[PDB]
Amino acid sequence: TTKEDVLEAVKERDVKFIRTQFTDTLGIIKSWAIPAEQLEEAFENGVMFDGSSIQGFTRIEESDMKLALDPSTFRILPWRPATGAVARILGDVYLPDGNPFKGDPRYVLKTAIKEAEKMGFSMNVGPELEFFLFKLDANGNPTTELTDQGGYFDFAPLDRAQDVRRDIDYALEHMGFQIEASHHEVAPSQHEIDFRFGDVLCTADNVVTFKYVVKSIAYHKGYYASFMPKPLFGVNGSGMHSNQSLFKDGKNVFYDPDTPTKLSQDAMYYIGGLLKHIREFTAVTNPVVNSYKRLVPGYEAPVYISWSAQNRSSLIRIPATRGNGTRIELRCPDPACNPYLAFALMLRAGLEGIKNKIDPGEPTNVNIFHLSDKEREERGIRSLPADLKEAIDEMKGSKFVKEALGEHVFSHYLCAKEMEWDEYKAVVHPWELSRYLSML
Amino acid sequence: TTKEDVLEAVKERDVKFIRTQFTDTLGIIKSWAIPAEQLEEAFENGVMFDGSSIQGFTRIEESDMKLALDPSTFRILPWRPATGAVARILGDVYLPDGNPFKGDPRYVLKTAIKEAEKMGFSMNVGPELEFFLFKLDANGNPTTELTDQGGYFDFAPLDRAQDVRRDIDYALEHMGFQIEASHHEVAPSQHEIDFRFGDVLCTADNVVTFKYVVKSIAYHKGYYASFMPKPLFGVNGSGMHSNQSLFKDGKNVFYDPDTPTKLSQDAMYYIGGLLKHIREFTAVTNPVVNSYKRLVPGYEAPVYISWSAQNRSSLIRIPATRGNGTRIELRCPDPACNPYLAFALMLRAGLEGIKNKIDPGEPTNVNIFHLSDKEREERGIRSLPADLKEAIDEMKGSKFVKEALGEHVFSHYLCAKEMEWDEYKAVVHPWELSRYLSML
Amino acid sequence: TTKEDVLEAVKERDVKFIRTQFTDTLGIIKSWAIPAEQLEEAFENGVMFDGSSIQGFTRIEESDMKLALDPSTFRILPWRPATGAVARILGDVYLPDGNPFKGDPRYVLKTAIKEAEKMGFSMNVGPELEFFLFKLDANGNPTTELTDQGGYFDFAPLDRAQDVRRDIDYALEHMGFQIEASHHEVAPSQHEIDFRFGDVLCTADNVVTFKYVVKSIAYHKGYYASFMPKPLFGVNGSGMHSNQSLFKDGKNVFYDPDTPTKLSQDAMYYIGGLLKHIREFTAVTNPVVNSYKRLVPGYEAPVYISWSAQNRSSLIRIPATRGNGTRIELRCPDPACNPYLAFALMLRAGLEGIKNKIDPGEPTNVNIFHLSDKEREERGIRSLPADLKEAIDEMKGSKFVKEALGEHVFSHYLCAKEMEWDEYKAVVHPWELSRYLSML
Ligand SMILES: Nc1ncnc2c1ncn2[C@@H]1O[C@H](COP(=O)(O)OP(=O)(O)O)[C@@H](O)[C@H]1O
Ligand SMILES: Nc1ncnc2c1ncn2[C@@H]1O[C@H](COP(=O)(O)OP(=O)(O)O)[C@@H](O)[C@H]1O
Ligand SMILES: Nc1ncnc2c1ncn2[C@@H]1O[C@H](COP(=O)(O)OP(=O)(O)O)[C@@H](O)[C@H]1O
Ligand SMILES: C[S@](=O)(CC[C@H](N)C(=O)O)=NP(=O)(O)O
Ligand SMILES: C[S@](=O)(CC[C@H](N)C(=O)O)=NP(=O)(O)O
Ligand SMILES: C[S@](=O)(CC[C@H](N)C(=O)O)=NP(=O)(O)O
Ligand SMILES: [Mg+2]
Ligand SMILES: [Mg+2]
Ligand SMILES: [Mg+2]
Ligand SMILES: [Mg+2]
Ligand SMILES: [Mg+2]
Ligand SMILES: [Mg+2]
Ligand SMILES: [Mg+2]
Ligand SMILES: [Mg+2]
Ligand SMILES: [Mg+2]
């Protein structure tokens, strides 16, 4: 798809508004509309916006930013009226002088893809995204009231969101997605939708799309879709399971029928590199305070650093599917993260495993939550950052994460997350009053 | 049907989503949707799911499970829209490598069918599960409020669920059910729908279907369908009378016009066999704590172990119908049980009766509830397990049930029921506060 | 005062009930009443109780505990009726075989006092206890609603605890306290009563007596006295400043009339030891999760390890008073701490500072909250443990704190605090739903 095909699709399908979109450094999608009559000149001039009103983008005395449109991302939004049909287009962020903005999260992922190509590979991540369907209130703003008390794979009337989950599938299919499965998840009113994997760029655009498509579809039905990692205590949390495989010559490099476990050496080294660096960018994968209330044992979320086949208690699970389905599933990432930065760091953590032949230890093919602390330390197992501050500390000292993100993204990400933590740590919570007020 | 017929029916009838379904060990239906485009892939590769999130199924270190589809069990759900028509397919659970997971209740029932064939028989059970129709609250959750005060065979306006029952029959007919009759039952808001008998596999699939079809239609019509055996006190409860029969060369083996009572010797031995073993697997037919509030005298629910013709106070009634309709009605089970396990155990017990020529005693052709304890003890009549713990104890000590179920199903059924009961024996109920708390 | 004097006072002042009391490991006062008629024999037989129902005392297999009475602690409670006058007696916890149970906080403080005696010193401590006065709801339960909006030294009607503080001072004077000054504190509805210092044992007893006297007096007037460090956010917290000096031959050892700053060398060494060991037992001085929400900058609660004269932003302030009155004010602790453990650890740290001439650096006669991180790092200033887990970690690796507390107190304190933190670390607070749940 070129700029000329987008204009033809705008005329043929009667598009009136194009929503130019980009993602800010914290993974939030920023969008604004232009008339179709402007598209042409936009394509040769770029749209202009204010970078000082975007998180971690640019300062107020140098605030003008340009957005250059990517014609390949032209999609048509199906939940908006077909008369004045509304399309969307994602773009890259440029400085007004003309150079690409190094602070663009979508540029970091492109830079990582460059190194992947230099080594002759291409990441083919495809994520599992889970969300919660809560009820709205009179005004129409989010709540945490459950829409049902169902469980895993539960049928109606325990599962009350199947009519609201057909339309998500339909919208995704109209937006170029390839749905694979759709089901209720372990937590009450928690659902998960899986779509086919693809290139890292397309998959990250799909992640941000999927998120806002799901939220918009839920809103127009009376509910609210929340991709918050741990909205409820004592039940499962939402994860963003990142299954990834390297592809060379259009073949799965991670597959090897001759070796035991049908896992090639490049997959072993990729795992080794992924484990050597996960501690450093857990801040990126789990970027909010809530994402660390999900990393507690007993809810199928990782707490320690390990890897084993078929083990949904471990960090790097290897599903049983071999052949063109041989991938590694990283289970830490949360749907609240920035997919561009997260995928970039995953990509070049594996590429540090291949260039340095980083052998991981023996797999821990056992439940790790049912181990003593002595058992865990004797086996060499280490734990993930306990809270967001510990992850921030592990991230600041990193040279790998700074080299991957770059100075601007590194510094601005850290500055936002430190402010978040400083706001969090001073707060007095109702738990503290209900625990200490009467006893002291 | 076959694979190709399913695809032809998906194209011809315009099916968009296929709901792949199975049954967990405790009898709950677990389903999830895949696009029709995925169907051809799911027939050659199976659909993978998490076994660790299914009750009594598999552990979290080897949690991957495959599910292979059964083309014959392909139906089209009528209460879902006809534009994006939704079908369902039941499957058999497999270990991810190649094996037919033995913890699957469907596999247990198939194993019992194998022994039936080895003896040259085929069970033809047809059940008559009852249910209650309660009202939903403002949110739409189940309540125990009555939808009518009617009784047995009551007409309107005492019977207020004629439209609900008519639409349930309509949907069941579209799902391939041969409806026999439909009526109000003794308890208020309690209804019963009867469909033709068939092969035990088909009728177990039909039991699970019937249940979720009824529940979904009731939900969409405003009410809640409850298969709880004893939802209300003082009124009779819901049971799943299993009318069992053996067929050889397409002829009812239990029929014998020359013998008195028109019951063959094989029927006699089957009665003796499943009378000697019921105490052992009452924890399967009656699997929940509420299941034994139903087994109290005075409500046409069995309390003792006996058989007699047309006696609705006895454990094994023999209806008056002879000829092709000659069967034996085991009245103990609830609709809360797992039909795959329950029918398997009944079939195995009957076949064990036939092998060892187990003659039952004389038929107790009296109201057993009216007999005294001395009368029952002198007549040799035994009682069923009084509560869930007694049934668990009678079941774990048995070798017949362990052989029939297998180690995995046996142990994971015990464990589940023991944890269920241990959570119930420690509860302080408002009955104890209404009785005590003022006298003490 | 001895047993004979206690009996004489019981007869003379018409006492019927004696509240035998002791402090548990976590600082909570546990008491029970015995009739005066039993006193005469309790003195020679102790009073037996159940140690398994006391936090960190003993196990259920060996739960029988004895408590011996201390006649010197006999006080008469003035807020209870004078007809059947009620007295109190603090006890020492023994073991039924007969030995000074080492898990007793009183025993730990007594061991620290013995350690001091060998060096010729006697520790004098004057606590600085602040509290909040909140309203009680309809049922008489604690709330967090303010009883006034006054500030520091505010007069009525801005200060609305005139009568409450007047009667608290009266009760404390009746219980042998020498009241120094009562005033309104910085936070709204925060109050401070100061009493004269004394021997560390006597003032450790006074600390628990003060808290329960204040709580009872406030309760009888319709309020709730809260000794919670940080019950409200954005407002000063309650701290228990430990003013401490060393006396040798009835003279203040910390005073030196001919020396700059008029502080003796022993005072300098005591400061050095306190500073060098503070990080290790911050889990004792600040033992609850809420005590580290008080240790935030901008509220006159210390955040960093420093010392300077008249600096209320410093960890160790040295007030301007000299002569009899020269002390060091450790501002770290909060009222929620166990005074017996806290004073014991401070005394041991100071004595360890004196034994090895631990010179502290130059004082930081500067506001430290206003310094940058770079400035603090350049000056070598270390920060206090950021949260309860950090303090727990710093305490576990300590050999000094284990030496002072002992194996039993050490281990049981660690266990209680780790359980507390693990309960707190997994909670989802409303702050997380107000911040996220719309952003995500
Ligand atoms: N070779 C591959 N490389 C990367 N991702 C893949 C590959 N094969 C499958 N996937 C993706 O893995 C995801 C697995 O999702 P799903 O099977 O629903 O959950 P789980 O695998 O945790 O049971 C799918 O979204 C799919 O697109
Ligand atoms: N030969 C047979 N074998 C097994 N089941 C049968 C046979 N004949 C009839 N049935 C079943 O017995 C059930 C009888 O139900 P119904 O007559 O409504 O209640 P009841 O028999 O208790 O009065 C029907 O569902 C029918 O399918
Ligand atoms: N020599 C001393 N040793 C120990 N404590 C002392 C000494 N002199 C006074 N104190 C105590 O110091 C405390 C000072 O309280 P306060 O007047 O509020 O001081 P500040 O306002 O500086 O905190 C009093 O409780 C008093 O008993
Ligand atoms: C059953 S679950 O196993 C739930 C995982 C949980 N929500 C989490 O990873 O945080 N994971 P998956 O969808 O990969 O099967
Ligand atoms: C009158 S009843 O006859 C008794 C049903 C009752 N609810 C029971 O628990 O078995 N059932 P049916 O007529 O189907 O034999
Ligand atoms: C005005 S205050 O300065 C109170 C400080 C605060 N309550 C705290 O130490 O946490 N200090 P002090 O009581 O010693 O005079
Ligand atoms: Mg999934
Ligand atoms: Mg999932
Ligand atoms: Mg997964
Ligand atoms: Mg019937
Ligand atoms: Mg019936
Ligand atoms: Mg019947
Ligand atoms: Mg003061
Ligand atoms: Mg003060
Ligand atoms: Mg002070």
Side-chain angles (χ1 to χ4, degrees), chain A residues 126-130 152-153 180-183 185-186 191-194 239 241 243 300 312 319 329 331, chain B residues 32 48-50 53 127-132 151-153 181 183-187 190-194 229-230 235-241 243 291 294-296 299-302 310 312-313 317 319 329 331-335, chain C residues 124-130 152 177-183 185 192-200 203 206 239-247 252-255 267 300 310 312 317-331:
Chain A
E128 320 163 54
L129 286 143
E130 323 169 2
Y152 185 82
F153 279 11
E180 304 207 333
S182 199
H183 61 89
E185 263 277 16
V186 190
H191 312 79
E192 149 161 354
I193 286 159
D194 325 291
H241 293 163
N243 340 74
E300 263 151 333
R312 295 187 206 231
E329 159 178 297
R331 334 192 76 250
Chain B
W32 48 312
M48 304 276 314
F49 68 104
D50 179 18
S53 274
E128 66 217 41
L129 23 150
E130 302 143 24
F131 59 97
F132 273 89
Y152 185 82
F153 279 12
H183 64 93
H184 215 264
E185 264 283 9
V186 196
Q190 194 197 18
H191 316 261
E192 153 163 347
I193 291 163
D194 319 285
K230 198 50 164 210
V235 301
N236 94 344
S238 302
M240 190 178 58
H241 309 133
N243 324 70
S291 185
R294 192 200 139 227
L295 305 182
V296 297
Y299 300 98
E300 281 148 326
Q310 300 162 53
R312 265 199 181 65
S313 49
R317 173 162 92 82
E329 152 170 22
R331 309 183 112 247
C332 65
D334 319 317
Chain C
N124 270 257
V125 175
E128 272 273 289
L129 287 134
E130 300 155 21
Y152 186 71
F177 289 65
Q178 304 191 49
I179 305 306
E180 206 232 9
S182 352
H183 67 86
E185 260 292 343
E192 176 169 313
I193 288 135
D194 323 295
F195 49 96
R196 186 155 225 278
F197 67 100
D199 183 58
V200 68
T203 68
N206 283 326
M240 193 210 105
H241 308 152
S242 312
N243 302 99
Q244 54 203 294
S245 50
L246 281 186
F247 272 68
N252 207 338
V253 152
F254 284 9
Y255 181 48
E300 314 187 84
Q310 302 168 45
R312 277 198 172 64
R317 151 145 164 281
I318 291 83
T321 75
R322 287 304 185 263
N324 213 76
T326 322
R327 70 255 198 204
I328 19 209
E329 185 195 42
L330 215 236
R331 315 187 109 250

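Order of appearance sets the numbers: ligands from 1, and atoms from 1 within every ligand. A, B, ... follow the sequence lines: proteins, then strands. Residue 1 opens every chain. Heavy atoms only: backbone and side chains are in, while hydrogens, waters and symmetry mates are out.
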Answer side chain, backbone, both or neither: which part of B:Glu128 comes under 4.0 Å from ligand 5, heavy atoms only.
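The answer is the side chain of B:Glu128.
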With nothing but distance in play, are any N or O atoms of [X] less than 3.5 Å from an N or O of ligand 3?
X        : result
C:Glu329 : yes
C:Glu128 : yes
C:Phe247 : no
C:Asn324 : no
C:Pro319 : no
C:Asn243 : yes

Is it the side chain, the backbone, both or neither of [X] that has a heavy atom closer than 4.0 Å to ligand 3?
X        : value
C:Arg312 : side chain
C:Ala181 : neither
C:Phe254 : neither

Evaluate the side-chain proximity of C:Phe195 to C:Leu129: yes if any heavy-atom separation is below 4.5 Å, no if none is.
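SC-SC contact between C:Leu129 and C:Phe195 confirmed.
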Can you tell if the side chain of B:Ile193 reaches within under 4.5 Å of the side chain of B:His191, non-hydrogen atoms only?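 A side-chain contact under 4.5 Å is absent here.
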inquiry  = Among B:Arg294, B:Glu300, B:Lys230, B:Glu329, which one puts a heavy atom closest to atom 9 (O) of ligand 5?
reply    =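 Minimum heavy-atom distance to atom 9 (O) of ligand 5 goes to B:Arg294.
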Between the candidates B:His241, B:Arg331, B:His183, which shows the shortest non-hydrogen contact distance to atom 10 (O) of ligand 5?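 When every heavy atom of B:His241, B:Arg331, B:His183 is considered, B:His241 comes closest to atom 10 (O) of ligand 5.
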(Q) I'd like to check which ligand 3 atoms, numbered from 1 as shown, lie under 4.0 Å from a non-hydrogen atom of C:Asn252. (A)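 Contacts of ligand 3 toward C:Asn252, numbered from 1: 1 (N).
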Exercise. Which atoms of ligand 3 have any heavy atom of C:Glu192 under 4.0 Å away?
Worked result: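 Here the atoms of ligand 3 in question are 18 (O).
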Is A:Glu192 close enough that one of its N/O/S atoms sits under 2.8 Å from the Mg ion (ligand 7)?
->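 Checking the Mg ion (ligand 7) against A:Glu192, an N, O or S atom does fall under 2.8 Å.
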Taking just the N, O or S atoms of A:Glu128, which one is nearest to the Mg ion (ligand 7)?
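So the atom name we want here is OE1.
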